[PDB]
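What you see below is based on every heavy atom in this structure, not just the backbone, and it leaves out hydrogens, waters and symmetry mates. By convention here, the first residue in the shown sequence is residue 1.
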Amino acid sequence: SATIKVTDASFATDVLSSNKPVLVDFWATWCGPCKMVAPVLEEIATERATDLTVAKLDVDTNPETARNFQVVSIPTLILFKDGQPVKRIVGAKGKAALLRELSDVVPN
């Protein structure tokens, strides 16, 4: 397991105070599309470990952090950098598609 599990009590230390960018997956155990994205995040967490932390937040056991980032539907992925959210992605995505959508630049 290369992803980290984070909770309402640990979110500030593990995500908001992280040196590395952190990609947070807001998910739930019963959610069909969240399962579609789970193995993709596992791969990214291993492959991109020196550059990026990948964190999982179960919205049902951590409803306050979900409320704090206005998460209404899942999967939602939020990328954090130095304490702020810099990108929000809604919906399941393939690996290549996800990494491209996380960027602020486009290919020419």
Closest heavy-atom pair and its distance - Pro75, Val37
CB-CG1, 4.2 Å
Please list all pairs meeting side-chain hydrogen bond (donor to acceptor under 3.5 Å, both in side chains) that have one or both residues in residues 96-108, counting only residues at least two apart or in different chains.
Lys87-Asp104, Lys93-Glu101
Using 0.5 Å steps for rounding, measure from the CZ atom of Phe80 to the CG atom of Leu52.
12.5 Å
Side chain to side chain contact (heavy atoms under 4.5 Å, CB included) with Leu41: which of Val24, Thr46, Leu77?
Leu77
Report the distance from atom CD of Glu43 to atom CG of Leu99, rounding to the nearest 0.5 Å.
10.5 Å
Nearest-0.5 Å distance that lies between atom CD in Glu64 and atom CG in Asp8:
6.0 Å
Closest non-hydrogen atoms of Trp30 and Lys35, given as atom of the first, atom of the second and distance, are C-NZ, 4.2 Å
In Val22, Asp14, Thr3, the residue satisfying side chain to side chain contact (heavy atoms under 4.5 Å, CB included) with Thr53 is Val22
Given the rule that I, L, V, M, F, W and Y join up when any side-chain heavy atoms are under 4.5 Å apart, are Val40 and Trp27 in one cluster?
no
Do side-chain atoms of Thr76 reach the backbone of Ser73 as a donor and acceptor pair under 3.5 angstrom?
yes
With a 4.5 Å cut-off on side-chain heavy-atom distances among I, L, V, M, F, W and Y, is there a chain of contacts connecting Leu57 to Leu16?
yes
When you measure from the side chain of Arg88 to the backbone N and O of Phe69, does any donor-acceptor pair fall under 3.5 Å?
yes
Report yes or no: do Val15 and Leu79 belong to one cluster of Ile/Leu/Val/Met/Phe/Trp/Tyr joined by side chain heavy-atom distances under 4.5 Å?
no
Quick check on the hydrophobic clustering: are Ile74 and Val6 connected, directly or via other members, by side-chain heavy-atom contacts under 4.5 Å?
yes
Determine the minimum heavy-atom distance between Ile78 and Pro85, stating which atoms define it.
CG2-CB, 3.6 Å
Co-membership, hydrophobic cluster, residues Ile89 and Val86, 4.5 Å side-chain:
yes
Contact check, side chains of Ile44 and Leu98, non-hydrogen atoms, under 4.5 Å
yes
Under the 3.5 angstrom rule, does the side chain of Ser10 hit a backbone N or O of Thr7 as a donor-acceptor pair?
yes
Answer yes or no: are there more than 12 heavy-atom neighbours, outside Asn19 itself, under 6.0 Å from its atom CG?
no
Could you pull out the closest heavy-atom pair between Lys20 and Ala49, with the gap in Å?
NZ-O, 2.8 Å
Distance col, row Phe11:CZ vs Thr13:OG1, nearest 0.5 angstrom, shows 11.0 Å
How long is the straight-line distance from CZ of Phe26 back to CG of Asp58, given to the nearest 0.5 Å?
11.5 Å
Point-to-point distance, once rounded to the nearest 0.5 Å, from CG of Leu23 to CZ of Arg48:
11.0 Å
